[PDB]
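Data block below; observations after.
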Amino acid sequence: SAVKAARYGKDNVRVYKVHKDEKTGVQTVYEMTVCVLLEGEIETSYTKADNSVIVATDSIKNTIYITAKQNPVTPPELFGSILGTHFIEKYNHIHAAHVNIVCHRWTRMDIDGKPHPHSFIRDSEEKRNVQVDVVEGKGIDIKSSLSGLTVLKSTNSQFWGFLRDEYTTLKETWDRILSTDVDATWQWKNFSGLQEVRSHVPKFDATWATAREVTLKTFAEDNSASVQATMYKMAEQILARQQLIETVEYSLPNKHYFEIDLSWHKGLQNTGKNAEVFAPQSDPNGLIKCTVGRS
Amino acid sequence: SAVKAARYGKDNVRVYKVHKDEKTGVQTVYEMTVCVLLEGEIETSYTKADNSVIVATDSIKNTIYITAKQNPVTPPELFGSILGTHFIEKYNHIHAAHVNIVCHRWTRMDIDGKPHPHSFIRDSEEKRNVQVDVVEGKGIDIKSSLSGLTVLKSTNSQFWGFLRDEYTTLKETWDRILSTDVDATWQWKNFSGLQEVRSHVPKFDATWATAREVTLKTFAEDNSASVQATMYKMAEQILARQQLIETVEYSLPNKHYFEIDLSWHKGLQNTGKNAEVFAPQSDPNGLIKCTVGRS
Amino acid sequence: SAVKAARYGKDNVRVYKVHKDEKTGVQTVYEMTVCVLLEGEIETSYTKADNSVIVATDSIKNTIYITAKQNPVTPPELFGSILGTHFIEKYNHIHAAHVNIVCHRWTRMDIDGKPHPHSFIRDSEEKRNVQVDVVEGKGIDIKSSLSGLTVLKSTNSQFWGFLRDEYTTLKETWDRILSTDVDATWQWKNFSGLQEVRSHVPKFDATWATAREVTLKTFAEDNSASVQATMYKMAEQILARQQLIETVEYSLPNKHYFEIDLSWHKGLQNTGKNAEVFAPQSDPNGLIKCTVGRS
Amino acid sequence: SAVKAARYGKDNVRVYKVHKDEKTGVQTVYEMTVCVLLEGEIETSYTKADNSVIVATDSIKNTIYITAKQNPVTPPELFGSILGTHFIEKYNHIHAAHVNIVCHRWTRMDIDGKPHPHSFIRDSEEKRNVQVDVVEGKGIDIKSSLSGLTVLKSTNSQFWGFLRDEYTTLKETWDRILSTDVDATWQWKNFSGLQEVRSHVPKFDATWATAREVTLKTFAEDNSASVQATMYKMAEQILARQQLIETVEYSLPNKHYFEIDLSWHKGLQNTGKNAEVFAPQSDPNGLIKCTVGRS
């Protein structure tokens, strides 16, 4: 037998960094969870018990903290690029570094209407993420995403005109609840290396902001014909607003809310126009996905 | 043998309710998870296979939705009281109803700076909860709480002067991170029944708001001597601001963030005054609890 | 205000211990998660920032590992007793120690039909637990339990003869699925202190074994009239087999499996006697509880 | 813009099936969670609100239950193939079906040493899974796996001889704990369609059994030089025992157990040869992956 593919490293590395402004007293915190997996001339660790080719995953962990100490950890696209570039440059025989970063929210508290200098709240489990693949000889591929953005609209969602055959029981509807957990990913043009990534640093926060804003506004304003149609509009707009993005991907569950017929109880009317109480369904759920690119 | 205690019912009942203002088009949503457990003359269901004394848990589920259809679901203290009162009044032989409600956040979205009439965001996994125990002959006991409120302050937390003996390795500190998940509970004076609960309806949202506000402000402003001392201040203030509360309980984990000594690497300084990168510890964690009452 | 109740300490302390038999080469592992919360003359830590009365939770963590190093960690009832007794004896001003222990399964692997000397498998997420409350002047109260024991029987479960009124839609059934996650707790006679606990050491593993055996056999053999009736039988038997137990508590969810009517599709028959495919319901679920004592 | 990729359907479809032997009274249960995502000429649902091309995900759910009613649900490789083949054959314009199945354990209980005819225990959260991609014109690609198989060996694991530089703090060790959650995947030769899958039905349970057996035996018997080296041996053997498998993939976390130096306390010796009490680390963890193919 032979090794067709291999990568190894340290996952679930929790990192916090604080920035203190000496002059203002304002402190800023960042918290993330980091995974770094390396590829290279490491097949003999698997086939021959040759650990000489292994950069220990414990050392990869140390390196993550040292890199956070010596560089900015924001935007996560830049940090991941610095981190991955380090491994392929430091170790001749390592030829790719795969860096995934989950950024956790720490939003400054407002106390009595004034931003507090050093207290924060996790104002959502929504995440901002990056996947940075640093490949020697082939630059840096970055996928940026937002995930865990949980939303609901109580009307202005429809689903009718779908295929109807002997497997179909679903009633057409012109007014339903739509609720989802948004997973949205924008894939950047390949970057030739760390300098090119750095040359675009401002665009990373800007594009994340645009993607979120477009997601929320389209979700709220689209009188939705379906999840499919709504998510395409989101993707289309994001592409139109950042030329350095090549594709936009959405992965959306349809978290169903079912009407409850109560007419069996004293003729209570709770369906159609009289629907007020619904049963949220934990499972199953629709799952709808789209990758949109430039025509 | 004999039954010393018994209660039974339906847990994890997910409920959504929408309120539509016909005139404005503004819709408002509520989502909760409900548990109702009943007590009464039901020992024979356990000892004699006598199911005649059982109100089926499926029927308790139906009753939850019907009650939500026919009454306000807010404040959760009132809904739980209505619900529990129904079971003990409807069924002679049922003498207590234990209603736990978890309220989930659905905060109206602001789109282009204007509140949207029917789109919402889950802007936190923080919960507002109630535990309502309706006991025939003995009124209604309500415990209200907030939970899952996750906060961090990056300085103005201290821990020194603790007991030091042969089991102690912890260094005293005058400047550390403090991060916790706030679980705060306020226990109301017994209410004689549903009318008395209704007579106090406005106080339920007001007291929840006060508890949150006092929690966040004390957390942010107290140069903390310890979790113990900070949480007591929170509780003291809440008691001072609502005379219908008898006790205030806090349950707080201390979610440790550890310094990382990196001086082994090129003499890097990352401790004490130079501490910038920390390792959040998932476990273990301190757990600190207090119940505060009136002197 | 004033402190009405207080306890504090370290939660989620993961502990592993290995026992190596030098002579046989057979190794045995134990893994648990420990929480120790202390009570005593500690009110001033909360009201006066007096940390002198605080045994740091970090030191409580150290003490957990030291105690595991110097004593047996099995049965967990004994370990918890040793641990809690240490705190109230070591610290004059500490008057109670509350020790919760979750034991994780590490079952020796059989390889080619022979037990392996040092490899183990987690052959279930089922837990064996103890709650040991050590109260100065008042001995040691122990609650032992098994939890997370997930079972299903595909027939020989019934539910009929329950109360029927205007809230009832549930059909009576003479043949249904019953599936639950067993949480079973046996509460021991108070022990006067550590010597008395030690005098009963063998009974702890024996009683845990009996409780599990009786649970599984009753579940499998009882043509169940209801969860209520079945769980009472379990409790009755356990009480009859260990006189040092005062009560037996069960907490059982009824994890419903619903029939699926498919006759709308080509007259397919999948209900009643023809029921083969069912939909497991994640929520809601019945929750049925009983505490049984001696008449 | 334009749709570069799209797939949609129903996730988290829980399914139970019972088989009753009329003659013996022996019943057998299967429980799984199913996801079916379809691809085809569906771009206009996204770009033009054309729902005519959508097979509703609700109908895909119905179809899952109907297929389970009318066919065997075991081995999961065959069920997934039947299910995916149905969609591409039934709907001209659907050209791929992606079926993921998670099988949940329901192992027959032994009561008083005899297998019970209709009671089962979930004797592990370990899963048996399939990923079946049915592509019109291109047959059926199946990946089979086991996951969630959690194991520990308390000695006969080593890690030394790794790369040492300025980022390295890890001590070499000749005797450590190794614990992991096994994720192992075997990828089958492409099948031309449903007949070819059926022609190999017996091999699916046999190969799953071999993979598990080889995993457990190698884990227990290999005096491991590293995770890398041990997992390669597992993969090598599995490939040697089933020629219809093209590759074998492992994904293994190294769930670290750290020594605890206690010599600061009364010179207690708990390291090296005296190590008995360890601290399991929840995070971070190494993550080691390998795909092995035929040379």
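Remarks
We call the chains A, B, C and D, going by the order they appear; numbering starts again at 1 in every chain.
To be clear about the criterion, a contact is a pair of C-beta atoms (placed from the backbone, for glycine too) under 8 Å apart; a residue touches a chain by one contact, two chains touch by 3 or more.
Looking at B-C and A-B side by side, the one with more C-beta contacts is B-C.
Note on A-D: its contact pairs, compared by residue number with those of B-D, B-C or C-D, agree for more than half at B-C.
The mean-CA centres of chain A and chain C are about 38 angstrom from one another, to the nearest whole unit. Taking the mean of the C-alpha atoms as each chain's centre, chain B and chain C sit 25 Å apart.
Centre-to-centre separation between chain A and chain B, using Cα means, comes to 29 Å. Counting partner chains per residue, chain A shows two or more touched chains at residues 14, 62, 66, 167, 169, 265, 282-283.
With chains as nodes and touching pairs as edges, the resulting graph is complete, every pair of chains being joined.
The chain pairs satisfying the stated touch condition come to A-B, A-C, A-D, B-C, B-D, C-D.
Within the complex, the chain D residues that touch chain B are 166-167, 169, 264-266, 282-283. Touching chain B in their complex are the following residues of chain A: 14-20, 27, 29, 31, 62, 65-66, 68-70, 106, 109, 111-112, 116, 118-125, 149-156, 177, 216-217, 219-221, 257, 260, 262, 265, 268, 270, 275-282.
By the touch criterion stated above, chain D contacts chain A in their complex at residues 1-14, 35, 37, 42, 45-59, 61-63, 66, 91, 159-163, 165, 167-170, 225-229, 231-232, 235-236, 239-240, 247, 253-254, 283-295.
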